[PDB]
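Have a look at the structure below, then the notes.
Methodologically, a virtual Cβ is constructed for each residue, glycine included, from the backbone with ideal geometry; neighbour enumeration extends over all protein chains shown. Nothing in this text is a laboratory measurement; each read-out follows from the coordinates by a stated rule.
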Protein chains: 2
Amino acid sequence: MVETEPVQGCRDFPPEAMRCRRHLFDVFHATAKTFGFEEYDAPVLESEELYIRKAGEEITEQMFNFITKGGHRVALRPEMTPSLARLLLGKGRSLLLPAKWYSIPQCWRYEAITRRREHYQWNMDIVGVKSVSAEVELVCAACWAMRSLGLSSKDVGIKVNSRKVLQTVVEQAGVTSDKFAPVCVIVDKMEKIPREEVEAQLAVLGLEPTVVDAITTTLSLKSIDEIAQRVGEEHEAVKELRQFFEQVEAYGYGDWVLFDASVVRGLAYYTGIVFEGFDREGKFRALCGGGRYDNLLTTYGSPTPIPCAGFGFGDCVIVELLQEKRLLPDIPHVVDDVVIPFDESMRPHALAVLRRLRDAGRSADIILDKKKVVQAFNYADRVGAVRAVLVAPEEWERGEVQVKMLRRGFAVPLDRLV
Amino acid sequence: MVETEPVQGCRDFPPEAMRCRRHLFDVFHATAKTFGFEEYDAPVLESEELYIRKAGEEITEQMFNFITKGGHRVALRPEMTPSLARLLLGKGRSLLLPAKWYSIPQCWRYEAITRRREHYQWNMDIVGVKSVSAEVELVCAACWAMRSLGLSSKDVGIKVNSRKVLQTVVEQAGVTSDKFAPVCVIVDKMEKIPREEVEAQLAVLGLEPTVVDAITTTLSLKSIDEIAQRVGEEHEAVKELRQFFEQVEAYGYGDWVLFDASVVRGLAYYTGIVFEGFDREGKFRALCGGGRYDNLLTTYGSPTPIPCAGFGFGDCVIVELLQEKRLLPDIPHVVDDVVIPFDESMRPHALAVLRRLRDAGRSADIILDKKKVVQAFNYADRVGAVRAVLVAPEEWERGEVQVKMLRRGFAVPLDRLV
Ligand SMILES: *CCC(=O)Nc1cnc2ccccc2c1
Ligand SMILES: *CCC(=O)Nc1cnc2ccccc2c1
Ligand SMILES: N[C@@H](Cc1c[nH]c[nH+]1)C(=O)O
Ligand SMILES: N[C@@H](Cc1c[nH]c[nH+]1)C(=O)O
């Protein structure tokens, strides 16, 4: 007896579960199409060199990696953004900007807590757009998908902030910019852990209380006005946030978005606006997350800087949420027609009827093994047949077949079936 | 400058290539729906124990495997069928038969020839059907997909045979059935390599010339009648083949299928009918391949035998074929509308028009960065916009917007856009 359970921390998708998965993914695809993005994909396997960012990120701590027999260090992608940029660099100047690329890759992490080791992540990125109009498009896409699954501005939101704010606090206070990204990582873990633990974890990177307290204060500012008092309306993070909120208002999604100076995200490459989907009952971790990352491509060796922004939207939390709101009922399998031979002698004919139904775009099954009509009808019910088509010898001589709608069973000519 | 090329032997799918991939996969999905199959999926990662079959198969010689840090021996699936059976066993008696399951998994092999290490394989299996009516359904599905891509009975075919034929030759000649599966593996490599090399490779497994010559002769029989002379019409492989050909005839695909006693397939678990898609110009390797495998589930420790049959249909050869026949032209990207602000002051309004178009199911982009109208029109062309919608201040005061079909530019009220 072989092991039926899957590999540690992975998921099987038998039909029922796969229909839930499809319900979700169809939304990601439709939203992408609505917003005008183009699909792409890259190998699940990447060179390990692609991810070592030296910022102390939780994503680079828990990487599912190994060695090919041929010696090359490779990894199951923990995320898609580095792969995207690998494609964008490959294209060079034959890349046409602006580009709006999306994908639904499965991504992989490794842990000792026997926790999931995989998830599917919708990725949406806009490449080659300087202005916050891209973030606006991105957030609006996030919200569209959410409403498409049947969530409202009363159920979820999008918290927004800009790392440029903290960028200045750290620059003015006298800390070399190399220390910045690792700080964002530490400051991102604020609600999750104590306050004295963060300040000690910051102090470890060579930062005195004056410099640390400035950081504490600026995360717990509640408005843009308060950000303005702290760094002026002159500040570009302020103009960007104002423009961002103005454009999302105009698009019609003002009720979905709000400012939150605590939001930094845990990844290193974000440089400007950042955002984080959340549920309004405070029950769940983030629904999705993204931001602007203007330097990643410079860092990958692009001769000229390429502005980007995008987000990830995982398959785990959104499902947990939809399930709580009872917006993910099991959809049962359907099929238009189940062709039923009265007996084996009728099989050849039933096969020609089966041909016609399919030829006309209908979905159809035919009873495969020898079985009684009554068992065949039971089978039709089980598989969600809208209609049973009985093929009996008597009707066949007349050029007819019996048809029963499942939601007597009337005689019908061949030609009127379709 | 980071490495832009992907990992050895894998493929990137930037937008253009991904549209080809989608063209193909949409066919696999539609054919599956037409034939009434249900989608499933399992982890790309499986325990290594799942594949060691001891038959000398080329698939188990070239397996892309490695060790998790946690010690477990795991592998990137070289095929889907063992994973399917893992799911089917997990379900036990809550599995409803007959079951018609399909999937489009990426599968992985390892080689020293720096050759592809991955492909996408459409898998279609019917579970819980004793009679050849399943193989009929399977082959007909194979052909449907092929015609759906625009191939004809004049371009490709399906060669059919039954391993039960060789089963008897080997049994009558006095060879323990353990030697059978390894023979099928060797006999499958017949066209690819010399004849004396196969007979020496057979002799290595403890088989004298009398027993070997029987095998040689029975592969090069050209008709079913000749199979009948050799093993009688009594024989069930003969009744099965006759029934198979009769049912495919009746379905309307007689011209696509033909008998070929050389066909055995290279995998161990096939027990009855087997089949192999081929192109009629003799140019390419197999388009797809499948068969009946009635014992795999017994072998996996099922308390009672579960009859199955199915096939694999890869993404490599079919593409090569379609490309030769010029049936895979690059489909360029489209989008319904590109909303164009006359200038930045018009952006808020353009965003509300963008809302309306999307709200109505249209796909739409909006000019994201600051740019001239003329550049905006050039952009609209590039991305396959069917229609440009210019939003100017003069028209806006009237409650109008300018609309230009891209395959003057007339004024239109907001409400008539959609
Ligand atoms: C329920 C939340 C969850 O499973 N999240 C998750 C799973 N797997 C990965 C793999 C790689 C990166 C992130 C995640 C997140
Ligand atoms: C062009 C044919 C081809 O690439 N075939 C192929 C590629 N990759 C795999 C991986 C696993 C098993 C089979 C194949 C076949
Ligand atoms: N890869 C990021 C999401 C993202 C896409 N684009 C920018 N950020 C994440 O894992 O959260
Ligand atoms: N897994 C088989 C195809 C198959 C599916 N079902 C039965 N056979 C192959 O790799 O060729």
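Counting only Cα atoms, chain A measures 94, 55, 46 Å along its principal axes, largest extent leading. Shown is the FRET efficiency for B:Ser177 and B:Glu233, computed with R0 = 25 Å from the Cβ-Cβ distance and rounded to the nearest 0.05: 0.55.
Nearest 20 debye, what's the magnitude of the dipole of region B:328-418 about its Cα centre given +1 on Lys and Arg Cβ and -1 on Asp and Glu Cβ?
That gives region B:328-418 a dipole magnitude of about 120 debye.
With a cut-off of 15 Å, note down the residues of region B:217-241 whose backbone N falls inside the zone around a label point 7 Å from the Cα of B:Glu191 toward its beta carbon. Only B:219-222 fall inside the zone, counting backbone N under 15 Å. Cα-based values for region B:2-152, radius of gyration first and Dmax second, are 17.5, 56 Å.
Shown here: the protein assembly as shown, whose C-alpha atoms stretch 97, 61, 46 Å along the first, second and third principal axes, sorted largest to smallest. Extension gain for B:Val374-B:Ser148 works out to 77.2 nm (0.36 nm per residue, less the C-alpha to C-alpha distance). Taking every DSSP helix (H) stretch of at least 4 residues in chain A, weighting each as -39,500 (n - 2.57) and dividing the sum by the residue count yields a mean residue ellipticity at 222 nm of -11000 deg cm²/dmol.
Distance between the modelled labels on B:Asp213 and B:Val418, one decimal in nanometres: 8.1 nm (7 Å Cα→Cβ projection). Neighbouring Cβ atoms from other chains, within 10 Å of the Cβ of residues in B:63-70, number 4 on average. Projecting the Cα atoms of A:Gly291, A:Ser223, A:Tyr379 onto the charge dipole of chain A (Cβ charges, centred on the Cα centre) puts A:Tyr379 farthest toward the positive pole. Cross-link pairs exceeding 24 Å in C-alpha to C-alpha distance, out of A:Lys192/A:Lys283; B:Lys159/B:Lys239; B:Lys239/B:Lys283; A:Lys130/A:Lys192; A:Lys404/B:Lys33; A:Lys239/A:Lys283, comprise B:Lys239/B:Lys283; A:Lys130/A:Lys192; A:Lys239/A:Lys283.
Please report, to two decimal places, log10 I(q)/I(0) for region B:72-208 at q = 0.15, 0.19 Å⁻¹ as given by the Debye formula with identical point scatterers on the Cα atoms and no solvent. Log10 I(q)/I(0), no solvent term: -1.21, -1.34.
Centre-to-centre, using Cα atoms only, region B:222-283 and region A:278-315 are separated by 55 Å. Evaluating 6.51 cos²θ - 1.76 cosθ + 1.60 at θ = phi - 60° for every residue in region A:268-282, the Karplus couplings come out as 6, 7, 6, 10, x, 3, 9, 7, 8, x, 8, 9, 7, 8, x Hz, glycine and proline recorded as x. With a Förster radius of 30 Å applied to the C-beta separation of A:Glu344 and B:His333, the computed FRET efficiency comes to 0.05. Using the Cβ-Cβ distance between B:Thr299 and B:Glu16 with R0 set to 41 Å, the FRET efficiency works out to roughly 0.40.
Relative protection proxy for B:215-221, B:125-131, A:327-333, from highest mean packing down: B:125-131, B:215-221, A:327-333 (other beta-carbon atoms within 10 angstrom). Charge dipole of chain B (Cα centre as origin; +1 on each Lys and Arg Cβ, -1 on each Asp and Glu Cβ, all else neutral): 1120 debye, rounded to the nearest 20. Counted over region A:304-391 with a bin width of 5 Å, the fraction of Cα pairs per bin, in whole percents, is 3, 12, 18, 14, 9, 6, 7, 8, 8, 6, 4, 3, 2, 1, 0.
Ranking B:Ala350, B:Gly206, B:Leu45 by how far each Cα lies toward the positive end of the dipole of chain B (charges on Cβ) leaves B:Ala350 at the top.
The dipole here belongs to the protein assembly as shown: it is taken about the Cα centre, uses +1 on the Cβ of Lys and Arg and -1 on the Cβ of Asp and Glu, and is about 1000 debye.
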